[PDB]
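**Q** All you need for full-length UniProt numbering is the position in the sequence shown, starting with 1, plus 3.
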Amino acid sequence: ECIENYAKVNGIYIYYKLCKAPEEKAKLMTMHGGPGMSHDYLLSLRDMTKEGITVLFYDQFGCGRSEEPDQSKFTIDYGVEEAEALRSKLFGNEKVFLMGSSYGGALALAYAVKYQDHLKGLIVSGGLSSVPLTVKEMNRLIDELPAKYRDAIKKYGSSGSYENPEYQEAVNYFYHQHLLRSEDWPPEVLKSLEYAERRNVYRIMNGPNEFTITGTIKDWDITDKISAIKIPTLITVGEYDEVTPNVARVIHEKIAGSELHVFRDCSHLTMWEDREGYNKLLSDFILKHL
Numbered sequence: 004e005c006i007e008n009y010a011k012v013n014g015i016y017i018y019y020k021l022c023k024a025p026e027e028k029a030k031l032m033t034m035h036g037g038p039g040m041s042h043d044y045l046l047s048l049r050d051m052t053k054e055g056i057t058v059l060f061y062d063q064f065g066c067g068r069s070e071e072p073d074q075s076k077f078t079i080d081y082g083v084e085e086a087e088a089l090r091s092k093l094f095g096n097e098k099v100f101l102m103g104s105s106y107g108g109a110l111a112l113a114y115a116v117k118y119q120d121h122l123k124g125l126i127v128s129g130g131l132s133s134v135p136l137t138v139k140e141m142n143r144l145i146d147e148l149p150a151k152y153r154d155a156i157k158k159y160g161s162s163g164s165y166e167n168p169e170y171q172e173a174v175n176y177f178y179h180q181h182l183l184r185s186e187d188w189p190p191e192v193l194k195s196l197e198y199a200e201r202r203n204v205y206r207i208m209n210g211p212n213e214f215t216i217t218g219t220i221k222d223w224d225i226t227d228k229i230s231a232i233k234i235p236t237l238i239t240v241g242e243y244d245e246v247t248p249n250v251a252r253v254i255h256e257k258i259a260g261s262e263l264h265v266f267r268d269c270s271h272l273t274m275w276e277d278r279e280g281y282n283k284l285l286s287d288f289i290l291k292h293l
């Protein structure tokens, strides 16, 4: 098993899990999405330890097993400083790789803008540089949904009746369509989803659900700042990703030399839909930029 700890990072206790590889060729830090999820759904990335890649997992502020700071700190800027404090505490001055998923991808991009000197490479999976853009794209996904679910989401969503059974059913369909497709949801994914509903960060920073971003990050957009990132960057996105390839395209065009990969038949949690292929792509990227 990996090493689990509860350390004080920037004033609050943060839970982390460090899965070391027998031969530490590289260190990979990971940022779960949400905002307000947990590291659990990214556990399939542990497979990379077999390739000499040490993987660091952690529950961000107010998420999963970590303590919640004052709401005034519920910001991506605070998340960035938290990540850097954790990196330094565990790895000192060693350069590491950083991977982010969904909101975690936006957080990783923000991190790179200020701390890319501490990185050998950046990986963004189903990430975004603009929340407004992400919302625009998900709205199109709702429209392309079969009338039954599309109609329920538009109707009850317009009145804010998120408790309605038909709405809940529509939400579930969307998730099985753009979050994790044609796959039995593993416990690790169920756990992160549960942590989302149990803690407060998801409700406050994000909103009711994935496609309903009413939270404090609704207007967030650093598209005009990511061009500053000049380190090797790998961008992945699923064909049916809830955070669409168009959103990924915008990141790709701003980051010079970045590589973009659209996983056909997959959606957001590509690390579960094509676990082997996903881990193989990331490990290849990492082993080429040591």
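Here a beta-carbon is modelled for each residue, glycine too, at the ideal position from N, C-alpha and C.
Evaluate the contact criterion for the segment 110-119 versus the segment 47-58: three or more CB pairs, one atom per stretch, below 8 angstroms.
**A** Touching, no.
**Q** Looking at the structure shown, is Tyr44 part of a helix, part of a strand, or coil, going by DSSP?
**A** Position 41 of the sequence shown holds residue 44. Here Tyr44 sits in helix by DSSP.
**Q** Once you ignore the five residues that flank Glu7 on each side, which residues in its own chain have a CB closer than 6 angstroms to its CB?
**A** Counting from 1 along the sequence shown, the entry for residue 7 is found at position 4. So the qualifying residues of the chain are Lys20.
**Q** Nearest to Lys158 by CA position, among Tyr170, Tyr176 and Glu147, is which residue?
**A** In the sequence shown, counting from the first residue as 1, residue 158 sits at position 155. Of the listed residues, the one whose Cα sits closest to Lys158 is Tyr170.
**Q** Given this structure, state the Cα-to-Cα distance separating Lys151 from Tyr178, to the nearest angstrom.
**A** Within the sequence shown, residue 151 is the residue found at index 148, counting from 1. Within the sequence shown, residue 178 is the residue found at index 175, counting from 1. Answer to the nearest angstrom: the Cα atoms are 15 angstroms apart.
**Q** Smallest Cα separation from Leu136: which of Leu284, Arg201, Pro149 and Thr247?
**A** For this step, residue 136 is matched to residue 133 along the sequence shown. The option with the nearest alpha carbon to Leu136 is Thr247.
**Q** Using DSSP's beta-bridge definition, name the partner residues of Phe266.
**A** Within the sequence shown, residue 266 is the residue found at index 263, counting from 1. The partner list for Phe266 (beta bridge, DSSP) reads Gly241.
**Q** Is the Cβ-Cβ distance between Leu125 and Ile232 less than 8 angstroms?
**A** As a first step, residue 125 is located in the sequence shown; it is residue number 122 there, counting from the start. As a first step, residue 232 is located in the sequence shown; it is residue number 229 there, counting from the start. The answer is yes: Cβ separation under 8 angstroms.
**Q** Indicate whether the contact test is met: 3 or more Cβ pairs, each with one atom in the segment 62-74 and one in the segment 26-45, closer than 8 angstroms.
**A** Counting Cβ pairs under 8 angstroms, three or more are found: they touch.
**Q** Under 8 angstroms between the Cβ atoms of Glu276 and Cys269?
**A** Here residue 276 is taken as the residue at index 273 of the sequence shown, counted from 1. Here residue 269 is taken as the residue at index 266 of the sequence shown, counted from 1. It is a contact, given that the beta carbons lie within the stated cut-off.
**Q** Taking only three categories from DSSP, how would you classify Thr33?
**A** For the purposes of this step, residue 33 is taken as the residue at position 30 of the sequence shown. Three-state result, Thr33: strand.
**Q** Looking only at C-alpha atoms, which of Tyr205, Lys30 and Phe214 sits nearest to residue 3?
**A** What is shown of the chain runs 4 to 293, which leaves residue 3 out entirely.
**Q** Using only the alpha-carbon positions, how far apart do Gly14 and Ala111 sit?
**A** Reading the sequence shown from its first residue, position 11 is the one you call residue 14. Reading the sequence shown from its first residue, position 108 is the one you call residue 111. Approximately 21 angstroms between the Cα atoms of the pair.
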